[PDB]
Amino acid sequence: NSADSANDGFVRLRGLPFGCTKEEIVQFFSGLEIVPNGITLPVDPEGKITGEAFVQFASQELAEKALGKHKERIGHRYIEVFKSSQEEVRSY
RNA sequence: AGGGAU
């Protein structure tokens, strides 16, 4: 066993450069894969991201591989890879 | 508009 509150490829990002998007999350996980339109980016009234995001990797197995990117960097800043579930990304 | 240990 490796989880107790999730069983899907859903995950969460934080530490984002306030300018990262689907294209930066996917290059950050370019050694991995993500499902089509599987990324979401909450924003403020200003239309700028809250500093965190949500994704759906290819099933719960891919999400667990992406956890190796915890505290890893996107190019000049470090990122985090908390887990998630549909109940945090159902904004679809 | 920060980090937050998650």
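Virtual Cβ from ideal backbone geometry, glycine too; neighbours counted across all protein chains shown. Read-outs: derived from the displayed coordinates by stated rules, not from any lab.
Quick notes on this one:
- Selected residue (criterion: nearest to A:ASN37 (Cα to Cα)) from residues of region A:68-92 that are touching a residue at least 24 places away in the same chain (Cβ under 8 Å) and assigned to a helix (DSSP H, G or I): A:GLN86
- Number of positions in region A:71-84 that are surrounded by fewer than 18 Cβ atoms within 10 Å (Cβ to Cβ) and in contact with a strand residue (DSSP E or B) (Cβ under 6 Å, 6 or more places away or on another chain): 3
Condition check ((1) among the aromatic types (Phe, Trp, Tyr); (2) assigned to a strand (DSSP E or B); (3) surrounded by 15 or more Cβ atoms within 10 Å (Cβ to Cβ)) across all residues:
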{"position": "A:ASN7", "(1), (2), (3)": "no, no, no"}
{"position": "A:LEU13", "(1), (2), (3)": "no, yes, yes"}
{"position": "A:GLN27", "(1), (2), (3)": "no, no, no"}
{"position": "A:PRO36", "(1), (2), (3)": "no, yes, no"}
{"position": "A:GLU46", "(1), (2), (3)": "no, no, no"}
{"position": "A:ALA66", "(1), (2), (3)": "no, no, yes"}
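- Hits in region A:23-51 (condition: in contact with a strand residue (DSSP E or B) (Cβ under 8 Å, 6 or more places away or on another chain) and either over 18 Å from A:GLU72 (Cβ atoms) or within 11 Å of RNA strand B (Cβ to nearest atom) (or both)): A:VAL35, A:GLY38, A:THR40, A:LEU41, A:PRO42, A:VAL43, A:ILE49, A:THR50, A:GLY51
- Any hit, region A:53-67, residues being β-branched (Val, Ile, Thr), free of Cβ contacts under 8 Å to residues at least 12 places away in the same chain and over 18 Å from A:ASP4 (Cβ atoms): no
- Looking only at residues in region A:52-64 that are among the small types (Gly, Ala, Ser) and not in a strand (DSSP E or B), the one that is nearest to RNA strand B (Cβ to nearest atom) is A:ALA63.
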